[PDB]
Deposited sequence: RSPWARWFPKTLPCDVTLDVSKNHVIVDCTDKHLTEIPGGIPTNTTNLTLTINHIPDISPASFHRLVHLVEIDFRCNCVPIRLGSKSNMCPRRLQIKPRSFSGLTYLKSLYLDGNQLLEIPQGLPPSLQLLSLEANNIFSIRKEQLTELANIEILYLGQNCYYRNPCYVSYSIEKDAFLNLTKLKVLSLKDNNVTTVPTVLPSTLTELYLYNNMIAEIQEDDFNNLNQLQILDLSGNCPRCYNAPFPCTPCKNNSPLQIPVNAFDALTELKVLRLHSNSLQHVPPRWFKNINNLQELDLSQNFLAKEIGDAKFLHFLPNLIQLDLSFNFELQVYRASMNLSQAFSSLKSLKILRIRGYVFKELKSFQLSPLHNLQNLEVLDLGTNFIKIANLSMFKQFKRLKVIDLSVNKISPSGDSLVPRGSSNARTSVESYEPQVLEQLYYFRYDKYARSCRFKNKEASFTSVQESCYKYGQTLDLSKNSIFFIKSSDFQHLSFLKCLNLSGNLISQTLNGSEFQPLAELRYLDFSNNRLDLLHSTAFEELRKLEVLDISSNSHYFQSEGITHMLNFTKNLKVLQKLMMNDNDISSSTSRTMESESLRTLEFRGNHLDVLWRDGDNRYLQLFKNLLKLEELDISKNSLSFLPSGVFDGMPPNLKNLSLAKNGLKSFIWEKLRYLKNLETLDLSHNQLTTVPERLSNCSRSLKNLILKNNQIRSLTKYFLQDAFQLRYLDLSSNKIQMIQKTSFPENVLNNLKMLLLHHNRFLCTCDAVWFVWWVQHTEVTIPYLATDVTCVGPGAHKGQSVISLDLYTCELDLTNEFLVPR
């Protein structure tokens, strides 16, 4: 169905709305630009390869190029692979880009360049040079960039990519870049704000540098600046997980009180880790539009209790004051200045790492009439004592986060302590939705009783993950929580002695009791797995990693439940050959459509398992079980089966006729097994099949009988990579069909390969010429 097989090792896409032909050669172990890139190419990506040089030949025919992504073909030593270090910085020969009349975006990050590449066409709007070795900027090397709007020069001189000197920027080096909008000089060992900058700037990134002082006029002309980041100059180095050098004498970054006077358009101001001890109100007198203010990682503990500057910020949306605690101090309470009430627009308040023993209702009173407050983050504070009922005055909030505290009656794990949380990689460029959420995860709650939740009926999601609850819930513990839709109870020590546990949460839709294995690990203890009958609107139950190998009740019942995750348990033990008592454990989950019973050590399936399955099972995972055998005919019992996941097992054969096993099956995942061949008529008349993963097996040959083309043409996707294909003349049909087929087959260029015979070993099947079989 194709007259010309595609052999280029890059994904090619056409977006003819925007007249884009996109050629993505990311990470193809290329040592040369591949030949035969389409002449109409507009966006070309060659990131993560080992192409040692660029020359006028590189893009000779590619005159329609709009974007070139040529990053990380020689990344600096400490930043790159220690198994394939780059031997020499990329070589860019003269003329290499001058002919690209339409070039608008050029990425040359991560190539060990020593200088700003010259000869760039005047069409260029974006130039990216992060993670090179360019640490002296001269006006003359920037003349060629007259039309530039976006310029990235960071990560060229810092601990992971050292240049061993101060960064150097000539006076007015950027002044004649009259269109420059975005200037990034982060992570560069800069010692002063370079001046004068063009008044067109909207975004300026100077963070993680060696700037000790702002001159009063450094930002004088930037009346268009919208984002200003000066973080990490005079860092707060306590507990930094990167080499960190503070300013002398615990000095803060010094900022004159009038330094921001011209920035009338400023929306974002980041002063993270600048060792600030005061926030003078004078700073914000001519900025009335500020929306986001990051003041995390300073020494503003006392200032939080005063904080006159908040009065000048009626429009502020986000305020971050996290990690301002004074060293070695465990305050008794949280002193929030009354000035907080002046933050009429405030949506998000974050004060992690204030460090205080006891939170009491009045202490939040400055916040009671902030009408737009949606998120209040008091995590990592070592709070020991908290009357949860105080949040009855915060029913309007979307998320109350008390995660990681010591209480006892979404940002990344590494966030406040990252070096550069906005760093770009070489590759590219949750229950909140249910309503009001009270996150008490990773605290020290060992016992709960119903009064702990008095006045919180409004809650829709409660997160108790990772506490120390080691209790036999009987339905009395959660009684105020009349609207709760989601309880995360994972990583506790639930003792399911009573089948009435959780029954008071009459509106519960999702229950996570995963990783509550403790009491399931000791023999002879009663466990009531039929606690589900009482939850009349429960949709989804997660019981992963509970090590369940025994159950006092023999069936689980639900009229509502649609999804059960039962991964990481011991159904091999409950279904021990000879023991029939648990073969209908899920049969009475009458509405169940999704069942994950992966990772249950099921090396075989006892007969009666499939008969025991509830009648509407659609999506069944048996992955990661060490299944050594499988009676495909037993799928006939599963009359609604659409998705069968058998990946990461030990199967050696597929059914003789998959259609004779299941008339409903649409998605068959067989990846990571031991299959060495397909049955003669494997997919004959399997009209419902849409998705088939045979990758990571040991298949040597595939004949046309196994793969009838009326079936192949219905497949959305057919995965065949990482097998042991034998490219002899017996493979002529398969090699021809792979080369000419419309069916989507991932990794044809990278991982659909001959293992032999010798002559063809390691060769891609897509590129195989078998004319010697037709002489």
Quickly check which stretches of the deposited sequence aren't in the model, judged by C-alpha, and list them in order.
-> 1-4, 414-436, 457-467, 814-823
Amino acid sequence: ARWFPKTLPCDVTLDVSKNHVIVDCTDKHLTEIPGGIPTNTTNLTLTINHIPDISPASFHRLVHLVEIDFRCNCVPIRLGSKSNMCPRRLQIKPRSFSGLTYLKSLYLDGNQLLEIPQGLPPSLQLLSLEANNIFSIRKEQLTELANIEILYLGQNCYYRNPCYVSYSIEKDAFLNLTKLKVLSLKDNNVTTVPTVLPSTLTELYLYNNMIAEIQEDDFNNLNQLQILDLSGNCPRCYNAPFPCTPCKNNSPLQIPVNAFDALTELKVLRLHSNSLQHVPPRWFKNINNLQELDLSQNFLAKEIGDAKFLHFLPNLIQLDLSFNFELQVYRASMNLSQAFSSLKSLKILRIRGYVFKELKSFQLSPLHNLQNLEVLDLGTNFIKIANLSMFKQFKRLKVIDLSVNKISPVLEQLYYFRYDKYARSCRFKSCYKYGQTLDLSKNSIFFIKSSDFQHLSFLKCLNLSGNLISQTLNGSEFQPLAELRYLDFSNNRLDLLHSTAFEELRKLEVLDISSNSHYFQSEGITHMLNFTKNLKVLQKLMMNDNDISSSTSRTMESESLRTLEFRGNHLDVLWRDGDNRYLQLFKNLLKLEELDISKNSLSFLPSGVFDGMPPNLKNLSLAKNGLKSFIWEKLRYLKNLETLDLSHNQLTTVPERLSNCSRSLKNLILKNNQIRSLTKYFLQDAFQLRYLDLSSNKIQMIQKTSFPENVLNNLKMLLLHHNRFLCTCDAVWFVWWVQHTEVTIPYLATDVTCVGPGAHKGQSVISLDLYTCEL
From here on, numbers count along this sequence of modelled residues.
Does a third or more of the other compared entries skip modelling residue 174?
-> no
Residue 428 coordinate gap across at least a third of other entries = yes
Entry-level comparison of average CA B-factors, 132-140 and 564-572, reporting the higher stretch = 132-140
Look up the CA B-factors in the entry and say which stretch, 683-691 or 82-90, has the higher mean.
-> 82-90
Out of 265, 593, 547, 320, which residue has the highest Cα temperature factor in the PDB record?
-> 265
What's the residue among 555, 208, 629, 451 with the greatest CA temperature factor in the PDB record?
-> 451
Against its chain's modelled residues, does residue 466's Cα B factor rank lowest, middle or highest third?
-> lowest
Should residue 367 be placed in the lowest, middle or highest third of its chain by the C-alpha B factor in the entry?
-> highest
Tell me, lowest, middle or highest third: where does the Cα B factor of residue 281 rank within its chain?
-> lowest
Lowest, middle or highest third of the chain for the C-alpha temperature factor of residue 611?
-> middle
Taking the chain's C-alpha temperature factors as the reference, tell me which third residue 178 falls into: lowest, middle or highest.
-> highest
